[PDB]
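Below sits a lone chain in C-alpha cells, taken as the form deposited in one PDB entry.
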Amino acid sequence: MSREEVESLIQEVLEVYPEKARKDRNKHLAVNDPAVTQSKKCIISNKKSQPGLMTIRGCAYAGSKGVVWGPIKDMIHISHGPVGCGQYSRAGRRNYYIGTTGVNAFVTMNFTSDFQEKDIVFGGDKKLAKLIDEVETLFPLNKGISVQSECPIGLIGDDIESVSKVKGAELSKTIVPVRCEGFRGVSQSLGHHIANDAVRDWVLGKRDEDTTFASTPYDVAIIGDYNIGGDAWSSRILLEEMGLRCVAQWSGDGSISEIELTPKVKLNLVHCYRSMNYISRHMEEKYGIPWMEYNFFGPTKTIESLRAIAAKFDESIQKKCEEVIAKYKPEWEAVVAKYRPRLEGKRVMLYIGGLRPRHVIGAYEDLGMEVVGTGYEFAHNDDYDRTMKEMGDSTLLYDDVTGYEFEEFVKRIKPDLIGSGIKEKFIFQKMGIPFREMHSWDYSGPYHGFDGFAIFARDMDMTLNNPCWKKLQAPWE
C-alpha cells in the first residue's frame, strides 16, 4: 500500500512553506481510505487560498457568467464592469449550441459595459440603462438579458437590481441581475450558488400559472450538463432511446423557455451535483420534483445510471432500457477490445475543479487504468464524501493544490498520464509526461455516453502511446 511512503512525501513537500501556510496546507492533503465515509475527519475544503502560492482557482464571476449563465444561447449576457473579464472568458469553454450567432444565439460573443474612470467615479447605472436600450435596438430577437457583475460593481455601490426591474417593466423583457463579483467566496463555487439563486429569483417561476404545456409521465430535465463538446447531446439521445422526453437541458445548448418549462417535468436528472444541487433542492421543495444523480462516463457507469433511471418509471421504460443496453453493448465492447490492451496497468493523476475528478475514474478503470491520485479546485466535503469510496486504498487526495505541491507530487509518484487544465498542460508536457486536458477534452470529444467512450479511449491511447514522449533525451547526453 505504501500509505506511510505517501504521508512522508506529504511531509517533505510541506517542509518548504512558512509556518502559517504549512499549517493551513497540511489539512488539504490526505491519504485515501475507502472505509472512511466522513471526509471532514480526513480533509478540509472550500476555504480561502493562501496568498502567493499560485492557486488554480477562478472567481465567482467565472462560476456564474462562464459556467451557468453563459451557455444560455438565446439570452445576452452583459459583463458589467471593465473590459478584461468578458474578453478573457469569451469562447474559452466549449459549451456547444445550435443557433445563428448574432441573430438568435449570443454565446461566443462578448457583451460588456467597458467602464472607464468616469464610470468608476460616478457609477454606472445610467450607462447600464443606455446599454440595455442599445441592446434592444441592435439585437431584437434576443429573449432576455443577464447582467453579470464584476468586482467594481460591488465595490462602488451600484444598484443594478433597481435598474433591472425598471428596464424589464419598461421593455417587457426578462432582465436578471447577478451579483457575481470576483471577490465573493473563494472560488467558482459561490459563483454557482449565486447563479442558481438568480435563476430561482428571476427565471424559474414565470410560468407557474401557465398550464398550456402538455406533459407526459415520462418528463425529465437534464440538470448540470453544459454540452462540453456536445457531451449533453450524447446523453440526450440515450435518454430518448429509453423512451424519455427531455423538456430542458441545463444549461449547455439551453434556452430560457426550457428553464421556464423545467418545473413541469416528472424527474430531474442531475449530472453536476456541485453546480446545480441548489436549484435541484429548491425545485424538490417548491414543486415536489424528485431529483437523482447519474454518471455517463464510460459504459459501466452509464449502464448503471440508465438502469437506475429506468427503475423510476414503469416496465415499458425498463424494457426500452434493456433494448438500448443490448444495442450499444457490441460497440463499446469493440472499443475495449481495441484499446484496453494498449492501456493496461498505467497510472493517472487528476486535478479538475468539481465532480469530474470522481466521475471520470470509472471510464479509466474500464480501460484498465488506475487512478493513483485525484483532487479538486473548489469541491466541498460532500464531494469528498462521494469521492472517497471510488478511489483505491492509499491513493493521494488533495484540495486546492498549489503548482509547487503538484509538481513535487508528480515527480515523486511519476504517473503515466496527467489530466488537468490548460495551466498545467505545458508544465507537465515539458517534464516528459503525457497530458490530457480534462476541462475542454483537448478540443476533442464528446466523452459522455457510449459514443463518447470511443472518443475518450482513442484520445487516451493517442496521447499516452505517442512516439514523441520517447524522444526528449537527446542521444549525446
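Rigid core: the largest C-alpha set superposing within 1.5 Å between the two forms. Residues that one form lacks are left out of the comparison. One rule holds for the numbers: they count along the sequence shown, beginning at 1.
As for the form deposited in another entry, it is not shown, yet the points below apply to it.
*Do you see a C-alpha shift of 2 Å or more at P434 between this form and the one not shown, with the core held fixed?*
Where the cores coincide, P434 still shows a C-alpha shift between this form and the one not shown that is 2 Å or more.
_Closer or farther: how do the Cα atoms of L269 and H439 compare in the other entry versus the shown form, where the change is at least 3 Å?_
Compared with the shown chain, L269-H439 is closer in the other entry.
*Explain in one word, closer or farther, how the Cα atoms of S440 and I455 are placed in the other entry relative to this form, where the distance changes by 3 Å or more.*
So the answer is closer.
*Listed by sequence position, which runs of three or more consecutive residues have C-alpha shifts of 2 Å or more between this form and the one not shown, the rigid core held fixed?*
Runs shifting 2 Å or more: 424-426, 434-442.
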